[PDB]
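Asker: The structure follows.
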Amino acid sequence: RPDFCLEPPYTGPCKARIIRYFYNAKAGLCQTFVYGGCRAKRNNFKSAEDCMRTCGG
């Protein structure tokens, strides 16, 4: 899996409160977090399908 899948999720400094998915390597699956709407890091997926496929192998 890409190394960025190991980074903790990043809400960022903007004020939206939208659900995004990130890969939790300790838990072994993608989980939800709140994304603020700007400056996403790569462990941030709009689609949970994308999160599991990109990071779950």
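Note on naming: chains are A, B, ... as they come in the structure tokens, residues start from 1 per chain, ligands start from 1 in the order shown.
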Report as a ChimeraX atom specification: the residues of chain A with a DSSP assignment of helix (DSSP H, G or I), based on the backbone of this structure.
Answerer: /A:3-6,48-55
Asker: Write to file, as a tab-separated table (two decimals), in the first residue's frame, the residues of the selection just made, with N, CA and C atoms.
Answerer:
chain	number	residue	atom	x	y	z
A	3	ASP	N	2.61	4.58	1.09
A	3	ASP	CA	3.04	5.07	2.40
A	3	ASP	C	2.11	6.14	2.95
A	4	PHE	N	1.47	6.94	2.08
A	4	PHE	CA	0.60	7.98	2.61
A	4	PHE	C	-0.59	7.39	3.34
A	5	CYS	N	-0.92	6.12	3.07
A	5	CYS	CA	-2.00	5.45	3.80
A	5	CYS	C	-1.68	5.33	5.29
A	6	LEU	N	-0.43	5.52	5.68
A	6	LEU	CA	-0.05	5.41	7.09
A	6	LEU	C	-0.12	6.73	7.83
A	48	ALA	N	-15.50	5.61	-0.11
A	48	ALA	CA	-14.89	4.56	0.68
A	48	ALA	C	-14.35	3.43	-0.20
A	49	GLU	N	-14.98	3.19	-1.36
A	49	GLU	CA	-14.43	2.23	-2.33
A	49	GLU	C	-13.00	2.60	-2.69
A	50	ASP	N	-12.78	3.88	-2.94
A	50	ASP	CA	-11.42	4.34	-3.32
A	50	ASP	C	-10.45	4.13	-2.17
A	51	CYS	N	-10.89	4.42	-0.94
A	51	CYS	CA	-10.02	4.26	0.21
A	51	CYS	C	-9.58	2.80	0.36
A	52	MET	N	-10.54	1.86	0.33
A	52	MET	CA	-10.16	0.48	0.55
A	52	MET	C	-9.30	-0.06	-0.58
A	53	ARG	N	-9.59	0.32	-1.82
A	53	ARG	CA	-8.84	-0.20	-2.96
A	53	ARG	C	-7.42	0.38	-2.98
A	54	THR	N	-7.31	1.69	-2.79
A	54	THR	CA	-6.00	2.35	-2.81
A	54	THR	C	-5.14	1.93	-1.63
A	55	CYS	N	-5.74	1.82	-0.44
A	55	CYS	CA	-4.96	1.61	0.77
A	55	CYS	C	-5.14	0.24	1.42
Asker: One decimal, Å: what's the distance from CA of residue 45 (chain A) over to CA of residue 31 (chain A), could you say?
Answerer: 10.1 Å
Asker: Can you tell me, as an MDAnalysis selection string, what residues are no more than 6 Å from region 14-27 of chain A when counting only C-alpha atoms, ignoring any on the same chain fewer than 5 positions away?
Answerer: chainID A and resid 5:6 32:38 43:46 48
Asker: Report as a ChimeraX atom specification: the residues of region 9-50 of chain A with a DSSP assignment of strand (DSSP E or B), based on the backbone of this structure.
Answerer: /A:18-24,29-35,45
Asker: Just want the 9 Å neighbourhood of residue 41 (chain A), counted on only C-alpha atoms, with same-chain residues fewer than 6 positions away dropped. Output as a PyMOL selection string.
Answerer: chain A and resi 4+7+9-12
Asker: With N, CA and C atoms retained, could you export that selection as an mmCIF file, in the first residue's frame?
Answerer:
data_model
loop_
_atom_site.group_PDB
_atom_site.id
_atom_site.type_symbol
_atom_site.label_atom_id
_atom_site.label_comp_id
_atom_site.auth_asym_id
_atom_site.auth_seq_id
_atom_site.Cartn_x
_atom_site.Cartn_y
_atom_site.Cartn_z
ATOM 1 N N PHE A 4 1.472 6.936 2.077
ATOM 2 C CA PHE A 4 0.599 7.978 2.615
ATOM 3 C C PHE A 4 -0.594 7.386 3.339
ATOM 4 N N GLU A 7 -0.426 7.839 7.139
ATOM 5 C CA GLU A 7 -0.490 9.136 7.809
ATOM 6 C C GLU A 7 -1.817 9.285 8.563
ATOM 7 N N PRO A 9 -5.255 11.112 9.739
ATOM 8 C CA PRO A 9 -6.137 11.949 8.926
ATOM 9 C C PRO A 9 -5.992 13.417 9.295
ATOM 10 N N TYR A 10 -6.245 14.264 8.313
ATOM 11 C CA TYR A 10 -5.964 15.690 8.429
ATOM 12 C C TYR A 10 -7.228 16.479 8.125
ATOM 13 N N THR A 11 -7.850 17.059 9.155
ATOM 14 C CA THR A 11 -9.048 17.857 8.916
ATOM 15 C C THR A 11 -8.721 19.133 8.148
ATOM 16 N N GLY A 12 -7.586 19.752 8.479
ATOM 17 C CA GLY A 12 -7.190 20.995 7.845
ATOM 18 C C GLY A 12 -7.916 22.177 8.463
#
